[PDB]
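Take a look at the structure below.
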Amino acid sequence: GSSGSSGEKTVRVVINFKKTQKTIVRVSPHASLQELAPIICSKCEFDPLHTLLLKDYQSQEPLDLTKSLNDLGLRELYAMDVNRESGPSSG
């Protein structure tokens, strides 16, 4: 991990949630959603334990954590609340 030295060079992203409410936060577009999962969910006091990252409120396609706002090329995203945690992990 990493505490986080300095918190500058951040972009304004839109966090759509509840398919009704939305909020804006300033975070690094570089960091992968995987790392901005909590930074975001937290901002929306959401549970990153069972949270998904869809394109936008409209679209329902899942995004790639590994990919960042840059890699993705989006300024806004939606946080979906599902329930699924099971599978192997190693490489």
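Naming scheme: A, B, ... for chains in displayed order of the structure tokens; residues 1 onward per chain; ligands 1 onward as shown.
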
Sorted by chain and rising residue number, list the residues of stretch 18-68 of chain A at most 6 Å from stretch 75-87 of chain A (counting only C-alpha atoms), each with its closest atom pair and distance in Å to one decimal, as CSV.
residue,atom,partner,partner_atom,distance
A:50,CA,A:83,CA,5.1
A:51,CA,A:81,CA,4.9
A:52,CA,A:80,CA,4.8
A:53,CA,A:79,CA,5.0
A:54,CA,A:78,CA,5.2
A:55,CA,A:77,CA,5.4
A:56,CA,A:77,CA,4.9
A:57,CA,A:78,CA,5.7

Q: Could you give me, as an NGL selection string, each residue of chain A that DSSP assigns to strand (DSSP E or B) when run on this structure's backbone?
A: :A and (11-17 or 21-27 or 51-54 or 62 or 76-81)

Who sits within 10 Å of residue A:43, only C-alpha atoms, same chain under 3 positions skipped, as a PDB file with N, CA, C and O atoms, in the first residue's frame:
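Writing the result to selection-v9.pdb gives the following:
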ATOM      1  N   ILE A  15     -19.748  10.628  -9.599  1.00  0.00           N
ATOM      2  CA  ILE A  15     -20.075   9.330  -9.034  1.00  0.00           C
ATOM      3  C   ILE A  15     -21.595   9.190  -8.933  1.00  0.00           C
ATOM      4  O   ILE A  15     -22.199   9.638  -7.959  1.00  0.00           O
ATOM      5  N   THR A  23     -22.509  12.486  -7.011  1.00  0.00           N
ATOM      6  CA  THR A  23     -21.565  13.370  -6.350  1.00  0.00           C
ATOM      7  C   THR A  23     -20.280  13.487  -7.171  1.00  0.00           C
ATOM      8  O   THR A  23     -20.016  12.658  -8.040  1.00  0.00           O
ATOM      9  N   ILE A  24     -19.513  14.524  -6.865  1.00  0.00           N
ATOM     10  CA  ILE A  24     -18.261  14.761  -7.563  1.00  0.00           C
ATOM     11  C   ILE A  24     -17.104  14.698  -6.563  1.00  0.00           C
ATOM     12  O   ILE A  24     -17.234  15.159  -5.430  1.00  0.00           O
ATOM     13  N   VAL A  25     -16.000  14.124  -7.018  1.00  0.00           N
ATOM     14  CA  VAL A  25     -14.822  13.997  -6.178  1.00  0.00           C
ATOM     15  C   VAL A  25     -13.572  14.275  -7.014  1.00  0.00           C
ATOM     16  O   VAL A  25     -13.585  14.108  -8.232  1.00  0.00           O
ATOM     17  N   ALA A  37     -11.515   2.576  -5.834  1.00  0.00           N
ATOM     18  CA  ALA A  37     -12.751   1.891  -5.493  1.00  0.00           C
ATOM     19  C   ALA A  37     -13.255   2.399  -4.141  1.00  0.00           C
ATOM     20  O   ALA A  37     -14.417   2.781  -4.011  1.00  0.00           O
ATOM     21  N   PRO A  38     -12.332   2.386  -3.142  1.00  0.00           N
ATOM     22  CA  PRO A  38     -12.672   2.841  -1.804  1.00  0.00           C
ATOM     23  C   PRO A  38     -12.760   4.367  -1.750  1.00  0.00           C
ATOM     24  O   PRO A  38     -13.681   4.919  -1.150  1.00  0.00           O
ATOM     25  N   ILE A  39     -11.788   5.007  -2.384  1.00  0.00           N
ATOM     26  CA  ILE A  39     -11.744   6.459  -2.416  1.00  0.00           C
ATOM     27  C   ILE A  39     -13.070   6.993  -2.960  1.00  0.00           C
ATOM     28  O   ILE A  39     -13.505   8.081  -2.587  1.00  0.00           O
ATOM     29  N   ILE A  40     -13.676   6.203  -3.835  1.00  0.00           N
ATOM     30  CA  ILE A  40     -14.944   6.583  -4.434  1.00  0.00           C
ATOM     31  C   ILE A  40     -16.089   6.096  -3.545  1.00  0.00           C
ATOM     32  O   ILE A  40     -16.853   6.900  -3.013  1.00  0.00           O
ATOM     33  N   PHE A  46     -20.227   3.971   0.210  1.00  0.00           N
ATOM     34  CA  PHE A  46     -20.657   2.715  -0.380  1.00  0.00           C
ATOM     35  C   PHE A  46     -19.781   1.556   0.100  1.00  0.00           C
ATOM     36  O   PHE A  46     -18.736   1.774   0.711  1.00  0.00           O
TER      37      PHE A  46
END

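Distance check against residue A:65 using only C-alpha atoms: of A:5, A:21, A:32, A:16, the minimum falls on A:32.
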
(Q) Run DSSP on the backbone and tell me which residues of chain A come out as helix (DSSP H, G or I); list them as JSON, numbers by chain. (A) {"A": [33, 34, 35, 36, 37, 38, 39, 40, 41, 42, 43, 69, 70, 71, 72]}

Q) atom CA of residue A:8 and atom CA of residue A:74 are how many Å apart? A) 19.4 Å

Q | Proximity to residue A:22 - best of A:44, A:90, A:1, A:10, only C-alpha atoms | A | A:44

Q) For residue A:28, which residue out of A:6, A:58, A:66, A:42 is the nearest one, using only C-alpha atoms? A) A:6

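Here atom CA of residue A:60 is placed at a distance of 28.7 Å from atom CA of residue A:91.
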
Q) So how far away is atom CA of residue A:30 from atom CA of residue A:61, in Å? A)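 Pair atom CA of residue A:61 / atom CA of residue A:30 returns 21.1 Å.
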
Q.
When you count only C-alpha atoms, which of these residues is closest to residue A:71: A:48, A:29, A:59, A:41?
A.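 Using only C-alpha atoms, the shortest distance to residue A:71 belongs to A:29.
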